[PDB]
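Only one structure is covered here, and it is reproduced in the block below.
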Amino acid sequence: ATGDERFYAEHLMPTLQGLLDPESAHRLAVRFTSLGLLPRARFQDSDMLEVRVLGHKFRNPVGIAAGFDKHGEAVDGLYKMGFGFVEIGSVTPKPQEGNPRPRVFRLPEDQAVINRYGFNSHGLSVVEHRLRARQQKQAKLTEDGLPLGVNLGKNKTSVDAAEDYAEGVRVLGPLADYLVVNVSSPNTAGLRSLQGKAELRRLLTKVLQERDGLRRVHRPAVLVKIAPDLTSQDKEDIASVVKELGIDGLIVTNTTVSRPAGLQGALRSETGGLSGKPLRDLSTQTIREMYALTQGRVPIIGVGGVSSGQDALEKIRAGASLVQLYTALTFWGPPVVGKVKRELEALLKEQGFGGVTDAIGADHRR
Ligand SMILES: Cc1cc2nc3c(=O)[nH]c(=O)nc-3n(C[C@H](O)[C@H](O)[C@H](O)COP(=O)(O)O)c2cc1C
Ligand SMILES: CONC(=O)c1c(C)c(-c2ccc(-c3ccccc3F)cc2)nc2ccc(F)cc12
Ligand SMILES: O=C(O)c1cc(=O)[nH]c(=O)[nH]1
């Protein structure tokens, strides 16, 4: 491990947490990242980390999950941090404030966070203009193996969920390499019920029709992001719909509304989605199930509790083509990205894999 990794983990990040509430810290992180005020990414991506999936080259398989850069303010800084791809959002059609504060809670003893942001968003128009300002810069980044995802949400007061997602496809689809239909936020009432079979098919048909209506060069992949709290029936229904409609991929998983036995944090009973270490294995197991139900034919982006190369490789071996992290960055700071990549490269070599591609779904072939 580097000196930076230890300095961030043992001194800088604990000091920031002592000085700032979690939402203030989040806001400062976005500001610093937006300005490129980052420690040196002391890691060069090797060819063994390259993945080709979703119609794109990814220089490395480690992305920033949705919810860090909600409004597309820090995209270039996130690539500078060493992420192989960036997902912004969730973005709602109209601007909205989200839930009242406080709405983000640290669980230090669990290496977890609980959030109930409630889709605070600058809205599609603001985000569209922000992405248009750097659109050719992004085109060059994507061509150089650094794609951009856009995660779409719905407004609190909307009468027609499918129309909210459709508006997102029309507005931000032309600016994205992939879109995410986030039907798994625990913090918008009735949103997770869009994961049921009848509603999901109707919703996703409309989304895919809208996407197919974009000009070929501006046509993104469409992924569905799912909760970790689904029944077996829900998961078997989602897999069925994904295959029937030709959805391009799955993001597995969002935060959990469960509170696993063993949580120690004083704030464990706060309402919201739980992220970080306690979500890790529930998530890995969800990837495993979704990979099996889709016969390994549907790319999965694996997310939930990744904070080491081992965590990344477990999700890859379970079926993920790519991984994302968020909560790990909030505890360990920017050096965690290089750490995960360096550890993943070493473990791939140790386990006899030529690269990331060879490891995808390897547990299912044992
Ligand atoms: C503060 C916070 C805000 C989030 N906001 C979003 C969001 O707007 N849209 C979304 O799809 N996921 C959101 N997530 C979920 C993450 O993208 C990710 O699925 C989850 O946190 C699991 O990854 P992790 O354990 O590495 O954090 C958020 C997570 C946190 C902790
Ligand atoms: C568990 O306690 N953790 C937080 O309260 C927290 C932190 C410290 C951070 C953070 C701050 C700073 C950098 C950074 C430091 C140097 C250069 C660039 C950076 F982005 C990174 C991340 N971001 C968050 C985002 C969401 C959230 F819910 C909580 C946090
Ligand atoms: O905005 C939020 O509250 C939020 C959205 C989401 O999809 N996941 C999450 O944990 N929080």
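Exactly one residue out of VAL159, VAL183 is away from ligand 3 (no atom under 16 Å from the Cβ), among the hydrophobic types (A, V, I, L, M, F, W, C) and farther than 28 Å from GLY77 by Cβ: that is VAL159.
Just one of (1) touching a helix residue (DSSP H, G or I) at 6+ places or on another chain (Cβ under 6 Å); (2) more than 16 Å from ligand 1 (Cβ to nearest atom) fails for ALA112. It is (2).
Taken together, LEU279, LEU208, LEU274 contain a single residue that is assigned to a helix (DSSP H, G or I), touching a helix residue (DSSP H, G or I) at 6+ places or on another chain (Cβ under 9 Å) and within 11 Å of ligand 1 (Cβ to nearest atom), which is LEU279.
Among the numbered conditions (1) surrounded by fewer than 21 Cβ atoms within 10 Å (Cβ to Cβ); (2) within 15 Å of ligand 2 (Cβ to nearest atom), the only one that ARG132 does not meet is (2).
Within region 182-204, being in contact (Cβ under 8 Å) with a residue 40 or more places away in the chain, within 21 Å of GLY67 (Cβ to Cβ) and not in a helix (DSSP H, G or I) holds for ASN182, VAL183, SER184, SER185, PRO186, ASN187, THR188.
Kindly establish whether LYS57 is more than 10 Å from ligand 1 (Cβ to nearest atom), basic (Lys, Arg) and out of contact with any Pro (no Cβ under 6 Å at 6 or more places or on another chain). Judged against the criteria, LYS57 is a match.
Would you kindly identify the strands (runs of 3 or more DSSP E) lying entirely within region 1-120 that contain at least 3 residues that are within 23 Å of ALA320 (Cβ to Cβ) and free of Cβ contacts under 8 Å to residues at least 12 places away in the same chain?
Details: elements: 51-53, 56-58, 62-64, 85-91, 104-107, 112-115.
Result: empty, no element qualifies.
When the test is whether a residue is away from ligand 2 (no atom under 16 Å from the Cβ), in a helix (DSSP H, G or I) and either without any contact (Cβ under 8 Å) to a residue 12 or more places away in the chain or touching a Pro at 6+ places or on another chain (Cβ under 6 Å) (or both), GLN285 does not pass it.
Could you say whether any residue in region 157-176 is surrounded by 14 or more Cβ atoms within 10 Å (Cβ to Cβ), touching a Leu at 6+ places or on another chain (Cβ under 9 Å) and not in a helix (DSSP H, G or I)? Yes, the conditions are met somewhere in region 157-176. Reported count of residues in region 315-341, each being crowded, with 21+ Cβ neighbours inside 10 Å, in contact (Cβ under 8 Å) with a residue 40 or more places away in the chain and assigned to a helix (DSSP H, G or I), is 15.
So, of the residues in region 314-366 that are of a type in the set (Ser, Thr, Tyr) and away from ligand 3 (no atom under 16 Å from the Cβ), which turns out to be nearest to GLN111 (Cα to Cα)? Out of the qualifying residues, it is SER321.
Selection within region 214-228: residues that are away from ligand 3 (no atom under 16 Å from the Cβ) and in contact (Cβ under 8 Å) with a residue 40 or more places away in the chain. The member of this set that is surrounded by the fewest Cβ atoms within 10 Å (Cβ to Cβ) is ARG215.
Virtual Cβ from ideal backbone geometry, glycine too; neighbours counted across all protein chains shown. Each reported figure results from applying straightforward, stated rules to the coordinates on display, with no laboratory input.
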